[PDB]
Structures are given as C-alpha cells and as structure tokens.
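Structure first, then comments.
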C-alpha cells in the first residue's frame, strides 16, 4: 500500500503541483517510507 501511495506519486510531484501537495499530506515524498520498506 505504501509503495502504491508510490504509484500515485512522482507524477503528482501551480498550487496543486506544489505547496498543497506536500503541505496537504502534512515528508512522505522526501522519505521515511524507507524505514517501512
């Protein structure tokens, strides 16, 4: 599931494209998901 959030991702990454993205989520993009993996 986490990875898929993966599927949704790279493409997603003006407001919509940016601040809202990461801001809305609030880190995930940057990277902890790593720990889970």
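Numbering (this note's numbering), first residue to last: 732 to 768. Positions of the beta carbon are idealized from the N, C-alpha and C atoms, including for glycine.
Residue state for residue 757 is assigned as coil, using DSSP reduced to three classes. It is roughly 24 Å from the alpha-carbon of residue 746 to the alpha-carbon of residue 733. Straight-line spacing of the CA atoms in residue 743 and residue 752 works out to 8 Å. Judged by DSSP secondary structure, residue 739 falls within the alpha helix (DSSP H) whose first and last residues are 733-743.
A direct Cα-to-Cα measurement between residue 739 and residue 766 gives close to 19 Å.
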